[PDB]
Amino acid sequence: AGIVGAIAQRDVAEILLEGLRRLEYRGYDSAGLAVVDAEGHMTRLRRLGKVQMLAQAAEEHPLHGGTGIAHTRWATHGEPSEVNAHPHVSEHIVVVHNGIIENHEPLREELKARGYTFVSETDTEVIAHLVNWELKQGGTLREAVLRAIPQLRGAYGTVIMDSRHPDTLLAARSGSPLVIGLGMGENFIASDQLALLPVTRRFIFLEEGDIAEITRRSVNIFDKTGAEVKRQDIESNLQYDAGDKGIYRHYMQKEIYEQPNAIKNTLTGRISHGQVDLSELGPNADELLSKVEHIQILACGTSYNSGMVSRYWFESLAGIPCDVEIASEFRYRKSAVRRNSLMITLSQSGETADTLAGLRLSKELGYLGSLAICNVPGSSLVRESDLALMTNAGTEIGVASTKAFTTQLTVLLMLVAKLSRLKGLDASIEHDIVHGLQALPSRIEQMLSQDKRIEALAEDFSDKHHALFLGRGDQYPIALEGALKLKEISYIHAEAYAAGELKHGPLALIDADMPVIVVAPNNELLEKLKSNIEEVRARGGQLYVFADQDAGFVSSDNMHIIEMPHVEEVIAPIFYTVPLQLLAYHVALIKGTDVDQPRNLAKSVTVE
Amino acid sequence: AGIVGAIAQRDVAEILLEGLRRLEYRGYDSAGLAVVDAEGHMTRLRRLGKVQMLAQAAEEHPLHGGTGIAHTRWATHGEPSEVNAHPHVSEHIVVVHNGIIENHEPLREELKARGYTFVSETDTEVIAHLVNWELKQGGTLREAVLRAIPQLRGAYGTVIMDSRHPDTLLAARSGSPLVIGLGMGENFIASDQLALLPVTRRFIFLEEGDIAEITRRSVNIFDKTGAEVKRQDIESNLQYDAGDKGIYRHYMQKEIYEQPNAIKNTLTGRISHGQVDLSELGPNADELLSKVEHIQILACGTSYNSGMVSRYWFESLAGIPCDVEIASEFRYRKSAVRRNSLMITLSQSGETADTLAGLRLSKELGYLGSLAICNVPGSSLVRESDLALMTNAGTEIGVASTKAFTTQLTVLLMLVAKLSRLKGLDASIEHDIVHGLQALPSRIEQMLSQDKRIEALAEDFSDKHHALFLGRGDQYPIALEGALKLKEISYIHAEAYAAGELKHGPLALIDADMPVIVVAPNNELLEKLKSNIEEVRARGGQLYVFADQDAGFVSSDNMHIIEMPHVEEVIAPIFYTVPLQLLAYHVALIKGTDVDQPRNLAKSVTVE
Amino acid sequence: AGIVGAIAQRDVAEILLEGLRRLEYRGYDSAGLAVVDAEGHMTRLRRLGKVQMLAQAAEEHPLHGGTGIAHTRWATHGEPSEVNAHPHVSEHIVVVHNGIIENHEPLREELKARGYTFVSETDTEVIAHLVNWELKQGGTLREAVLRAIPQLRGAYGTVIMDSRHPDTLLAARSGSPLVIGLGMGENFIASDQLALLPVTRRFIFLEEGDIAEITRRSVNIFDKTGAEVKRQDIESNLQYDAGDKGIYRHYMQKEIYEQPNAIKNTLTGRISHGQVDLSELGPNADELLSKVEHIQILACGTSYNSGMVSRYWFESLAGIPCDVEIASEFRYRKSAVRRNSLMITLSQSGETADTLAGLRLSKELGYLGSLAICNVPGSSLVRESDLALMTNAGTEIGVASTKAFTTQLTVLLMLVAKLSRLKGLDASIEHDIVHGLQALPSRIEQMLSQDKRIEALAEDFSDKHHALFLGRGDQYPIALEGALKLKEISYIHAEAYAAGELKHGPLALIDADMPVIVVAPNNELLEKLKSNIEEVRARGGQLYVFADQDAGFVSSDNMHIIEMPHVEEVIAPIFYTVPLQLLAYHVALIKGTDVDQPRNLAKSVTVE
Ligand SMILES: O=C[C@H](O)[C@@H](O)[C@H](O)[C@H](O)COP(=O)(O)O
Ligand SMILES: O=C[C@H](O)[C@@H](O)[C@H](O)[C@H](O)COP(=O)(O)O
Ligand SMILES: O=C[C@H](O)[C@@H](O)[C@H](O)[C@H](O)COP(=O)(O)O
Ligand SMILES: O=P(O)(O)OC[C@H]1O[C@H](O)[C@H](O)[C@@H](O)[C@@H]1O
Ligand SMILES: O=P(O)(O)OC[C@H]1O[C@H](O)[C@H](O)[C@@H](O)[C@@H]1O
Ligand SMILES: O=P(O)(O)OC[C@H]1O[C@H](O)[C@H](O)[C@@H](O)[C@@H]1O
Ligand SMILES: N[C@@H](CCC(=O)O)C(=O)O
Ligand SMILES: N[C@@H](CCC(=O)O)C(=O)O
Ligand SMILES: N[C@@H](CCC(=O)O)C(=O)O
């Protein structure tokens with residue numbers, strides 16, 4: 001379940017154990033480690049149970065040495081026991097293993113008929129004995145492993161050492177992940193980079209098939225053949241940019257105006273022959289998804305707002321039950337899991353602590369599985385989910401989310417077709433969805449071209465300290481987002497409310513210092529809201545209405561129609577986000593606030 | 001439940017009984033009284049059941065004496081029984097008591113060790129034995145009482161007499177009301193002046209912490225230190241001919257303060273044999289309920305807030321899926337009904353147009369059936385639902401709802417047991433809920449007893465135009481309701497947020513004109529939030545924390561701990577509603593806003 | 001200039017050298033390191049020139065040992081030479097130091113008299129002997145250090161080890177940054193976190209006045225009184241590889257903190273043998289400059305402010321007439337040129353239209369010639385002038401100028417020696433100037449170390465809409481620039497005035513909404529201003545005073561002294577600029593305004 005390896009000048013056992021602690025979120029039923037001093041004395045220590053047991057034993061009888069491998073196990077072959085736990089040995093050959101060697105018994109009898117005593121049930125032990133064999137005939141660890149790897153079928157990863165030669169480790173990625181961590185005169189490796197953070201941030205991710213020879217001072221990478229490939233050491237990931245601001249003053253402004261392009265990119269590879277094509281999920285996929293009867297979405301901030309929009313879509317268009325929840329609230333409560341529930345997480349950054357906690361928790365609760373909708377490749381939410389859909393918006397530098405939100409919405413709309421319930425309705429539905437998606441980039445462009453009007457409109461808000469945003473249905477979460485945006489970058493106390501709840505409280509607040517915005521109401525809703533604002537005429541209440549030019553609404557003295565171009569219904573919520581983004585942007589511009597880095601806010605909330 | 005005491009020249013039994021009769025609106029399961037003659041002969045009579053039984057018993061066997069005390073009991077510790085009814089005795093010490101001694105176990109032990117025999121199951125008996133013990137070492141009843149008080153935890157509201165010295169009563173106002181009634185050559189005391197109207201109209205209201213020593217011809221009041229305190233004696237005009245708000249300035253005030261009795265009425269006939277009893281729903285329905293797999297709740301405003309708490313309850317305590325939605329949102333969208341779904345509506349008035357439309361719409365979407373939780377008999381939601389549970393709160397006249405909310409909560413919590421889907425126990429869950437509910441009224445009185453404190457706190461808010469209310473889990477909808485209340489009757493732009501989401505937007509708004517309130521956080525949460533408010537120290541950000549005194553939280557200069565009495569966790573959400581109602585009320589008083597009829601709001605919104 | 005320290009199981013020499021490598025971007029002229037093995041054998045290497053030389057020298061040595069310290073030097077006291085490099089020793093005491101011990105002569109004489117031999121010209125060496133002396137009396141290294149710190153006056157970030165006991169390091173911060181890196185069973189320290197990145201991301205920043213005792217496994221921090229103080233370790237969730245802001249939140253912030261190094265770059269190659277070396281100007285430079293009888297300076301904005309400082313310098317220290325004028329005023333009027341007049345333009349960008357026009361016009365007016373002080377090579381102003389001096393501050397991205405201003409001041413101060421006319425009567429003028437210039441970089445760092453206090457002070461201006469900045473003589477243009485900065489990035493209406501003119505008008509304006517700031521006044525001036533603010537106590541007039549702590553100024557209730565460390569008089573105006581820059585920056589942070597791109601301002605005004 002977890003692998004860790006170190007080759008250093010200092011004692012590495014403490015580091016190995018700490019690595020395993022940090023791998024506890026996965027696995028596991030047993031654990032163990034094996035280290036080696038300079039004289040070649042290998043000390044091995046294994047327990048059935050928690051890592052804490054192993055650390056306990058390790059404490060009162062310390063392991064000394066600068067070379068070592070450690071492992072946490074989730075048994076697949078052989079009952080959980082100290083006997084079957086890793087590392088496994090073949091005399092001087094020591095091995096840790098993740099995944100499965102599929103052809104175990106063939107090779108095990110092959111080697112058994114060669115003098116090898118299999119003391120365990122695991123498929124792993126075969127690895128050890130085989131490496132032993134191949135080393136029997138000259139060469140050293142590398143050549144040998146290079147021969148042995150092809151003789152193992154299966155998705156797996158393994159780290160291998162010879163205690164007669166502590167200066168080298170060998171690794172093999174063949175269906176299960178491994179990453180190397182670069183230290184100073186020492187080097188590490190693990191099944192996930194989470195394990196190496198205490199000790200390094202320089203990583204070399206192995207490619208599928210790669211084989212690595214690691215020393216204190218060197219790291220050589222090859223493939224199945226043995227031909228020295230080179231791999232680069234990433235760290236991040238979220239670089240900026242300059243520069244890439246182009247004709248725009250601010251990262252956030254740029255990110256607003258690139259939304260058509262970002263959406264095009266989100267659509268790329270996912271539309272064909274007038275249908276939604278999510279085949280990128282896998283050959284299976286279309287079959288895990290078929291079993292889903294309920295959707296649970298978890299997110300924070302703006303991502304929560306996108307989830308909130310998607311609920312309306314899933315329930316009305318696809319006919320699937322869908323719940324959306326603040327991740328903080330999910331992780332801290334005992335919940336009731338619905339039958340056949342898909343867990344979806346929404347996250348720009350993929351690192352938000354609350355949302356990650358929610359996903360991990362979901363794993364113990366009996367969810368069908370998880371899908372991450374995310375904007376940053378190789379992030380934690382992505383690595384830890386069963387399925388992932390990247391938004392492809394490009395890096396987003398402004399602290400307030402803009403393109404990340406509209407691309408999230410795009411992907412969520414794409415899921416609707418691929419998850420319908422509710423068949424027969426039906427092709428009319430996926431049809432309308434795809435037509436809308438095809439229209440979307442241009443509709444956004446239309447909307448961006450209203451910027452001068454929105455920029456003029458912002459003068460009505462730049463001296464305000466309160467605002468109320470109203471919305472109904474698939475537009476309520478758009479009002480939420482518009483309010484959040486005004487909070488974020490202009491510091492105005494803007495609050496969103498469901499349109500039908502105005503009379504139940506907020507109406508008592510409305511006056512000249514608290515403008516009311518409604519997002520895309522139909523005529524019936526508007527009549528109701530006009531009547532409401534008439535109730536507070538004597539205090540100078542103003543209604544602002546972003547609405548379809550086709551609707552024919554007529555401005556009055558206390559109600560200002562801000563007409564917009566027509567849109568396909570199915571994408572209207574995405575469309576109507578843009579003006580609210582532009583409004584917040586232009587208010588901030590007038591006030592002179594720090595748009596890209598608003599006070600007290602962070603791009604990503606990753607620590608607790 | 002009800003206390004009456006008397007000290008006169010004439011016989012007082014008839015007066016004490018008439019007092020009890022006049023206190024009957026406070027739910028009770030039993031009653032008793034004790035009187036002493038000039039010679040020191042003490043007579044006590046106690047009966048299970050109605051005051052009528054007690055009076056009748058007293059008639060065959062007339063009680064002589066000018067000194068006496070009297071009590072109706074609402075059982076919290078020890079079943080209703082003659083054995084457990086008050087007054088309780090420790091030889092010459094005779095005591096009546098309202099409320100809950102938090103440390104009765106340890107005290108009962110220490111007193112048993114000193115040789116006292118406990119004949120009842122009540123916490124109350126420890127008071128009598130403890131006073132008897134402190135009196136052992138000589139002194140005045142007063143000094144003994146003063147010694148006893150510090151060793152007591154919780155609400156020890158009490159009236160005490162020593163049958164050897166019938167010339168004095170001792171009273172301690174702790175946890176519920178006590179009013180002194182001044183006669184001519186006689187004095188009286190009761191938990192409400194209604195009890196005393198037959199004999200006087202001059203009253204002195206006792207405050208939390210006051211201790212009174214009373215004789216026929218004098219009244220001396222002091223705190224636990226001994227220091228005299230002055231309290232003014234007001235004369236009562238009126239009788240109760242006013243459209244009675246009685247002693248209260250506003251209907252909303254009355255309705256906040258009658259919450260204990262309202263709740264008692266909500267429980268009538270619904271607890272039997274230590275279990276929840278909803279047999280009123282009929283045998284036919286207890287069957288339907290076994291079939292429910294999912295709960296759906298529709299409501300508007302404050303009713304929506306109570307539904308929102310219940311979500312957390314049903315999911316964690318009953319392990320059933322529960323969803324809660326604004327009625328207008330549900331009616332105007334096409335939804336996906338869950339398998340075997342119960343439709344629940346919450347509504348004070350039963351006529352709210354959105355909620356009613358929601359019920360009607362649901363009639364054709366395939367729910368198992370509908371249940372209405374309501375406060376108005378005969379109303380639309382009650383007639384059109386399959387089942388109905390009335391809150392029995394009495395009429396609510398204030399436009400903002402208070403007792404309707406807490407009675408709604410009381411019903412919802414009772415529904416938990418009868419809709420349980422967990423296994424094992426489940427049994428202890430229903431026991432905890434039942435004990436919680438039996439304690440709830442006393443708990444509310446303890447909160448009401450904090451009103452002066454809350455009234456001082458209101459000064460920090462009276463001139464604000466913004467506020468942010470935070471809560472996590474089952475306290476988050478309590479923050480919703482707190483904020484709504486401040487909006488409603490004080491016109492302050494108060495907004496509620498999930499505690500976990502503060503860093504995701506609202507933190508950017510916080511400064512001196514926008515105080516932050518947290519409802520009932522644990523230490524981990526308080527730490528996160530404390531760090532947050534540190535982030536906006538430079539802008540004069542203030543954090544106000546309502547929390548359990550037992551938590552041992554400590555104030556700093558920008559974080560203010562408003563400690564509260566300890567309460568059972570299952571009813572903490574109800575309990576913590578009260579200080580938020582009191583806050584809004586007192587802010588409104590300072591500003592002089594129209595509490596009972598806030599601008600632009602209506603009792604119910606019955607028109608489309 | 002740079003400090004690194006390590007205490008580990010493994011050898012730390014390579015780690016030390018790599019740290020220094022990562023500190024190299026900071027101006028240095030030499031480097032050294034010293035490491036101690038477990039047997040207490042101490043190996044020390046020092047070399048003149050780049051870190052590369054040090055690393056080579058290390059190539060020959062088996063530098064074993066787990067404890068050590070290392071340093072890059074920027075000489076202030078004693079020529080750059082291997083003899084003068086750090087670490088400096090006193091037998092078993094080994095010491096690295098950033099900053100300036102200015103009571104170094106008293107201490108060196110006292111220690112010489114006590115039997116110590118000073119083998120170097122540095123101020124640093126007295127620390128090594130002093131600690132040595134203090135350990136001679138006994139106690140632990142920590143106690144000796146506590147006794148020694150108080151005897152030091154000035155700036156010191158120092159790390160200190162005893163080769164006889166290599167398991168402990170001591171560090172003290174006062175006027176120069178230190179930060180601790182926490183590892184796995186090893187610990188580290190550095191003057192700059194960038195040096196610790198290869199081995200850890202967990203830091204504890206030492207604050208002003210702190211003293212730390214570091215072992216492999218412990219960190220204990222405390223103040224000069226031995227009183228343990230606590231600091232929070234925090235994971236560094238920073239992306240160091242993200243873009244050009246490096247570790248900073250804002251370009252302007254980075255440009256403020258970069259000021260010491262920018263200044264070192266301005267000084268590079270312009271001090272030779274204790275004298276200003278402007279030979280870069282050409283062989284026949286002194287030829288033109290000798291003829292100059294009068295200086296005319298033209299500039300806009302902040303550049304005009306530096307010019308304005310220089311006027312005082314030129315006239316008082318070089319005794320040449322100097323005139324400074326807003327460029328647009330000069331270009332549009334018919335002026336009367338002085339005889340043998342040198343035309344100097346100051347400009348960060350070299351492209352400002354008014355300034356450029358000024359120069360061009362001067363071409364036809366009979367000036368001896370033109371000198372351009374500029375920060376961008378190849379700019380119009382540089383190309384079109386006879387002589388040019390570049391400030392070498394590196395690119396400046398912030399719209400408001402910071403390092404451009406202080407580097408300009410540095411160049412202008414160097415011109416003073418090369419343009420002298422006091423005969424004299426001189427010699428010591430140039431010596432003083434060169435001394436101040438040598439100290440400048442660490443003096444600026446000393447100011448930066450006061451940032452926490454300036455941050456705190458900012459709360460006092462965060463909500464103000466007016467301010468008045470006062471200065472006299474060479475501090476008056478500093479007030480000009482402080483006031484400009486506050487206008488620029490916080491949008492507060494701040495205005496500077498000559499101190500002596502306060503009573504001639506602005507005094508009428510003063511009240512609580514308009515704080516008064518004085519920069520670096522002497523006692524006589526201070527008393528005048530104190531009386532002035534008295535006149536307006538009744539309207540809430542506050543006087544904030546930035547002054548030398550050596551002056552012994554005492555705060556009243558409406559006069560607030562903000563003490564600053566002593567500095568060389570001749571560079572006092574550059575010194576006092578920093579706190580006004582930091583003030584404006586922190587006010588903008590609190591208000592959340594666009595620091596890097598303030599509303600309506602441009603980096604340079606190039607169009608007519
Ligand atoms: O008013 C506070 C309550 O005590 C509340 O905190 C609840 O009892 C626990 O938080 C349990 O939550 P879960 O059982 O859902 O985890
Ligand atoms: O943004 C506006 C949309 O057009 C929105 O109004 C939605 O498409 C309809 O409300 C349909 O939803 P239902 O099918 O659930 O009624
Ligand atoms: O009040 C305005 C004056 O007319 C003033 O503008 C001045 O007389 C001219 O501008 C000429 O000045 P110069 O001769 O210096 O260009
Ligand atoms: O979407 P995530 O990366 O999970 O972050 C959720 C939220 O985090 C922070 O608050 C950002 O400032 C927001 O803009 C974002 O919406
Ligand atoms: O509870 P209901 O009768 O369904 O009414 C819902 C809401 O309507 C109005 O706004 C009242 O002022 C509220 O106090 C109430 O909560
Ligand atoms: O120094 P210069 O390039 O000639 O520019 C003069 C002024 O121009 C602009 O106003 C910049 O914002 C200033 O910071 C600068 O001082
Ligand atoms: N199949 C191997 C490895 C399991 C794992 O990857 O944890 C075993 O059971 O030992
Ligand atoms: N707790 C006490 C008092 C009850 C009451 O306040 O009525 C009892 O159970 O007897
Ligand atoms: N003043 C000391 C230290 C200089 C520095 O901070 O680099 C010296 O001249 O060596």
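Every chain is numbered from 1 and lettered A, B, ... according to where its sequence line falls, protein lines coming before strand lines. Hydrogens, waters and symmetry mates play no part in the numbers below; they use all other heavy atoms, side chains included.
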- CA sep, side-chain torsions, deciding dist, call: B:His465, B:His493, ring pair (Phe, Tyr, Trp, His ring centres under 6.0 Å): CA-CA 6 Å; B:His465 304 296; B:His493 185 184; over 10 Å; no

Side chain / backbone / both / neither for [X] at chain B, heavy atoms under 4.5 Å:
{"X": "A:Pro598", "value": "neither"}
{"X": "A:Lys485", "value": "neither"}
{"X": "A:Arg311", "value": "side chain"}
{"X": "A:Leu468", "value": "neither"}
{"X": "A:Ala494", "value": "backbone"}
{"X": "A:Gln475", "value": "neither"}
{"X": "A:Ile320", "value": "backbone"}

- Message: If you count heavy-atom pairs within less than 4.5 Å of chain B, which of A:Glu488, A:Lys503, A:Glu293 leads?
- Response: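 The answer is A:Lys503.
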
Measuring heavy-atom distances to chain A, does [X] have an atom under 4.5 Å in its side chain, in its backbone, in both, or in neither?
{"X": "B:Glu535", "result": "both"}
{"X": "B:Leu507", "result": "both"}
{"X": "B:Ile489", "result": "neither"}
{"X": "B:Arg539", "result": "side chain"}
{"X": "B:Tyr332", "result": "side chain"}
{"X": "B:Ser316", "result": "both"}

- Heavy atoms only, distances under 4.5 angstrom: which of B:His504, B:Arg472, B:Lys487 has the most pairs with chain A? Name it, please.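 Looking at each option in turn, the highest pair count goes to B:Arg472.
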
- Query: Hey, which of B:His466, B:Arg339, B:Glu527 has the most heavy atom pairs under 4.5 Å with chain A?
  - Reply: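 The candidate making the most pairs under 4.5 Å is B:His466.
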
- Message: For a quick test of reading the model, state the closest non-hydrogen atom pair linking A:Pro515 to A:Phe461 and the distance between them.
- Response: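 Answer, listing the atom of A:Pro515 first, then A:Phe461: CB-CE2, 3.6 Å.
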
- Message: Suppose we screen for salt bridge (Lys or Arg N to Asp or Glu O under 4.0 Å). Which residues come up paired with A:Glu351, at least two apart in sequence or across chains?
- Response: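 Salt bridge (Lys or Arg N to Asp or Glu O under 4.0 Å) list for A:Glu351, sorted by chain: empty.
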
- Can you find a pair of side-chain heavy atoms, one from B:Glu501 and one from A:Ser328, that are under 4.5 Å apart?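 Heavy-atom side-chain distance check passes, below 4.5 Å.
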
- Message: Would you say that B:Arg333 contacts A:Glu315 through its side chain, given a criterion of any heavy-atom pair below 4.5 Å between the two side chains?
- Response: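 They are in contact (side-chain heavy atoms under 4.5 Å apart), so the answer is yes.
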
- Please name the residue in the list A:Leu486, A:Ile478, A:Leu484 that meets the side chain to side chain contact (heavy atoms under 4.5 Å, CB included) test with A:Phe469.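 The single option meeting the side chain to side chain contact (heavy atoms under 4.5 Å, CB included) with A:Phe469 is A:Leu486.
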
